[PDB]
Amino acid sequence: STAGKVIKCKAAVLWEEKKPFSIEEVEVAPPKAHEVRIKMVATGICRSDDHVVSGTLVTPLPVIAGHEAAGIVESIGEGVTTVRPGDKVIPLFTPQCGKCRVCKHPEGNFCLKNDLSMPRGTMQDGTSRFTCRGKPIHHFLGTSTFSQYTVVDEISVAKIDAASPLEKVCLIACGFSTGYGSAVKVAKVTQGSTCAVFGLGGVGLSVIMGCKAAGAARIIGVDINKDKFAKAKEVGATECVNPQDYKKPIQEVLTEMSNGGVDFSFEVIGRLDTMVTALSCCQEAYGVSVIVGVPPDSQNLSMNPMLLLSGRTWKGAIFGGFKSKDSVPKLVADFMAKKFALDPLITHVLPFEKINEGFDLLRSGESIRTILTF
């Protein structure tokens, strides 16, 4: 048995920015009250994890990163009621405490217990469950999925279907749900509409999926890497454009293509310039633009507010707007019921030990999602 005992296990520790992960032994404390310790099964590599490496996202280091995963409960702390040992679970990088003003709001999902806004890199109680070479190691978003075992707060875990294939449904933990929800929930894409999707990675592809599910008539994929276009068309893009092919700015191109601007645009990259471009390419009176990409830390964009005064709507969201604990189990049920596909997002499957190789595939442009298997 491991319950109630420290587990020594393998994890990918990030000791400093812009270096490879170090795959080594860590100690994982048992769960305290209202905590859950999880044996990981599969985790995706999301660009947001790479942002921690690159310094685009600032979070305390050293850290066990990883936030897009699924596993099996090994043990529960006192007072846990929502999962039990042996349950398949998804860690929730956006918690759902159920008690804060946001959780109580019909349209809110960015629970005030989150560790995104002002990251502490700890459990809810302000401490860590991880040590490595005698040193405390920070958590990431209350999840820390790049480890054979993690400990998460109860509000940051959802029980999912016991028959779920974890090597697929781990994508519901971030990139699928984010993109899909950004389209169907946050933008509320309409039937017959024209959409523009900037960035054709795992998240942007999931946005296309959502736009197609919502009945859009046209879905224009935008990426500087034309190798991304074939898969974008496979999941619903009607046209793809590479800004580098044009002498004019792509907002002008998109405005012309859509005979005066698109209905819905999505920024799914993380650049200030493409956030402004994506807003501009939506129709000036009734267009909607949704920011999904994560921009570099502490940088402001510049824009002309006449873009909004004419009638545009500009919004952003975390995790597709989904209230995380309510939504994740239903998303996995819907996957099980064949309501959407995840295989189109999965280009590589590697052992966890090849995490660095997985990141190199992302950075080179060659992968969509690599799934790491423990």
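For every residue, the number given is its place in the sequence shown, counted from 1.
Note on 266 to 274 vs 135 to 143: mean CA B-factor is higher in 135 to 143. Look at the mean CA B-factor for 237 to 245 and for 283 to 291 in the entry; the higher one is 237 to 245. Of all the options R101, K188, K231, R218, the entry's greatest CA B-factor is assigned to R101. Out of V349, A69, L309, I318, the entry records its largest CA B-factor for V349. The PDB entry assigns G86 a C-alpha temperature factor belonging to the middle third of its chain's modelled residues.
In this PDB entry, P30 carries a Cα temperature factor that places it within the highest third of its chain's modelled residues. Annotation for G55: C-alpha temperature factor in the highest third relative to the rest of the modelled chain, per the entry. Among the modelled residues of its chain, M123 has a C-alpha B-factor that falls in the highest third, as given in the PDB entry.
When all modelled residues of the chain are sorted by CA temperature factor, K323 is found within the lowest third.
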